[PDB]
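Okay, so here's the structure we're looking at.
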Amino acid sequence: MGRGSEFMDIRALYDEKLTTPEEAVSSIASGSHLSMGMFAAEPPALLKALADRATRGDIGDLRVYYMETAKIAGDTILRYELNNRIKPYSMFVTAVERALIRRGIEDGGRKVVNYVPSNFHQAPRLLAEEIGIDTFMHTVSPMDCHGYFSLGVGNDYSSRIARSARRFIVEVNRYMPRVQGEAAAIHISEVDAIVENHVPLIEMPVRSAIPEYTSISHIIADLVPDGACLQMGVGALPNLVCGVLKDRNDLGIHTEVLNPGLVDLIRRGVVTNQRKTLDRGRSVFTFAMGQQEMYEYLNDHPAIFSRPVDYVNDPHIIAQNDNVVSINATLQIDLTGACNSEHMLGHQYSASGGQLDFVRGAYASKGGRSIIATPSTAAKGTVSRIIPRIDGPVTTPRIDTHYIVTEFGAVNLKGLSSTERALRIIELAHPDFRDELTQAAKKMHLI
């Protein structure tokens, strides 16, 4: 008691704010803007109750602005049949949005995903200022004895929008790890409502590796210098690269997404972060995806530190650490060195540039390298992933590409002419396609 008593009585605050999912979402207004955490921080009990509210016809024209979708939202508020009531304003297209978009196309070209072109690293400002969010919902770790929850596997734009939204509703889950980070700790006085739902976090499914990943993982590993400061994506290929780096020492992490491969390097003592200029001694990420083993390991880990995406994905921030290595996958590379990492839904849905922040930052890092990698073929070797020209907006502009890698080798494109690029890229294609690519290159007057 005494001054600040409102702040201090946390058990009383908790009891005032604790409620059911149904009541927590009952006050969200038709016509308003809502956002939520990324991937595993999408709150399932709240989203189910919100979807049920829409099914009953008790809310309409609700815009949901979000990124990095999980099945959690995918099977509740974003279900196709609710699309006239809960309007997806996706700032990032994933498999969930592609399934919606395809369904809309079949239904006479119905527009069902309202795509919001945006720079990933600008998402917090975009959401808080340009767009405006009225309600924010996020899964959190349990309240500690000082009255704080943690955003856990999230930081991204969530740490800002949790404060800028008029109403912040949390879903307490003991399976959510308690994570240290910039603005990752949320005091109970900053929360408007609480529901409790203790269930395992959603997992990124573990994908079977393809044979090509073995050579690629070794080519990539040989380009990782001593003291490297790593960023990588998710999937079997990144995990394999981390596997080859198991014998290294004094590596750092400053990554968009924290994944199981990177966390394994932390566990093994490979990653020390002692050579980083920023956040020395700590692994930095803006959100985390993985499986239960990883999520449990993150709990109360003192050498892991989440940061908001406008810091993590700022190329100027990224480049202040020496020997940055950025490792990104792509789906296609063309003979000019442009890369395309998105599945084809036509031209209407362009890249977020989240990977491109690290292509840029890595090249600017002193001793840094950006690596973009792909198997040279798909579909049982019948389709080339090296193609003459990418049609539609590319993910990595050819002026930005640094290193590219296939199972046949690596090449640094910086400073090479179109002709020099085409000749070198053709040699990274599978031999079955080199003749066809050479002819196309000639017809295009690239060579």
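Exposure proxy ranking for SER159, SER215, based on other Cβ atoms within 10 angstrom of each Cβ and starting from the fewest, stands as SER215, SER159. Seen against the Cα atoms of the chain and their longest principal axis, helix 212-222 is set at about 90 degrees.
DSSP beta bridges in the stretch 131-273, what fraction antiparallel, as a percent rounded to 5? Of the beta bridges lying entirely in the stretch 131-273, close to 20 percent run antiparallel.
Between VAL199 and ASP15, the distance separating the two model label sites (each 7 Å from Cα on the Cα→Cβ line) works out to 2.9 nm. Think of the chain as a dipole: +1 on every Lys or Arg Cβ, -1 on every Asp or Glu Cβ, centred on the Cα centre; then among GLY346, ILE72, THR272, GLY346 lies furthest on the positive end.
Computed over the stretch 216-364, the quotient of the alpha carbon radius of gyration and 2.2 N^0.38 Å is 1.02.
Highest mean packing first, where packing is the average number of other Cβ atoms within 10 Å per residue, the peptides 11-19, 232-240 line up as 232-240, 11-19. For the residue pairs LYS48/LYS111; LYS246/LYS380; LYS366/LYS443; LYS246/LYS276; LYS71/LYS246; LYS71/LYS414, alpha carbon separations beyond 28 Å are given by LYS246/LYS380; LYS366/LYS443; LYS71/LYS246; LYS71/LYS414.
Computed about its Cα centre, the charge dipole of the stretch 182-276 is approximately 400 debye, with only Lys, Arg, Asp and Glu carrying charge at their Cβ. Would you mind checking the stretch 100-131 for residues with the amide N under 19 Å from a putative spin-label position 7 Å along Cα→C-beta of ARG79? Counting only backbone N, you get 100-104, 112-113. Cα centroid distance between the stretch 170-231 and the stretch 293-340, in Å? Cα centroid of the stretch 170-231 versus Cα centroid of the stretch 293-340: 12 Å apart. For the listed peptides 222-228, 331-337, a ranking on the average number of other beta carbons within 10 Å per residue, highest first, reads 331-337, 222-228. In this simple spin-label approximation, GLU23 and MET344 carry label points 7 Å from Cα along the Cα→Cβ vector, and these lie 5.4 nm apart. Counting neighbouring beta carbons within 10 Å and listing from fewest to most, the residues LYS443, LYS380 come out as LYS380, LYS443. Extension gain for the segment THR419 to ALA379, taken as residue separation times 0.36 nm less the Cα-Cα distance, is 11.5 nm to one decimal. If the segment from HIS445 to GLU6 were pulled out straight at 0.36 nm per residue, it would be longer than the present Cα-Cα gap by 150.8 nm. Principal-axis analysis of the Cα atoms of the chain puts helix 44-55 at an angle of about 80° to the longest axis. Inter-label distance, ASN412 to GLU293: 3.6 nm, where each label sits 7 Å from its Cα along the C-beta direction. Over the chain, Cα pairs under 8 Å with separation of 6+ residues give a relative contact order of 12 percent. Placing +1 on each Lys and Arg Cβ and -1 on each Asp and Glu Cβ, with no other charges, gives the stretch 313-447 a dipole about its Cα centre of roughly 240 debye. Sort the chain into rounded, prolate or oblate with this rule: let a ≥ b ≥ c be the square roots of the eigenvalues of the Cα gyration tensor; rounded if a/c is under 1.5, and if a/c is not under 1.5, prolate when a/b is larger than b/c, oblate otherwise. Because a/c hits 1.5 or more and a/b fails to exceed b/c, the chain counts as oblate. Think of each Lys and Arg Cβ as +1 and each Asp and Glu Cβ as -1; about the Cα centre, that makes the dipole of the chain roughly 840 debye.
For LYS111, project a label point 7 Å along Cα to C-beta. Then give me every residue of the stretch 45-75 with its amide nitrogen under 18 Å of that point. The answer is 61-66.
In the chain, the calculated helix contribution to ellipticity at 222 nm averages -7500 deg cm²/dmol per residue, counting -39,500 (n - 2.57) for every DSSP H run with n ≥ 4.
Taking Cβ atoms as reference points and 11 Å as the exclusive limit, the residues near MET289 contribute a net charge of -3, counting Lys and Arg as +1 and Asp and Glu as -1. For the listed peptides 126-136, 21-31, 165-175, a ranking on the average number of other beta carbons within 10 Å per residue, highest first, reads 165-175, 126-136, 21-31. With the charge dipole of the chain set up from +1 on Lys and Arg Cβ and -1 on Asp and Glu Cβ about the Cα centre, the Cα lying farthest toward the positive end among the listed residues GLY154, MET289, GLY368 is that of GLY368. When DSSP beta bridges are limited to those with both residues in the chain, what percentage is antiparallel, rounded to the nearest 5? Beta bridges within the chain, antiparallel portion: roughly 20 percent.
All Cβ positions, even for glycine, are placed from backbone atoms using ideal geometry, and neighbour counts span all protein chains on display. No value in this document is a laboratory result; all are computed from the given coordinates.
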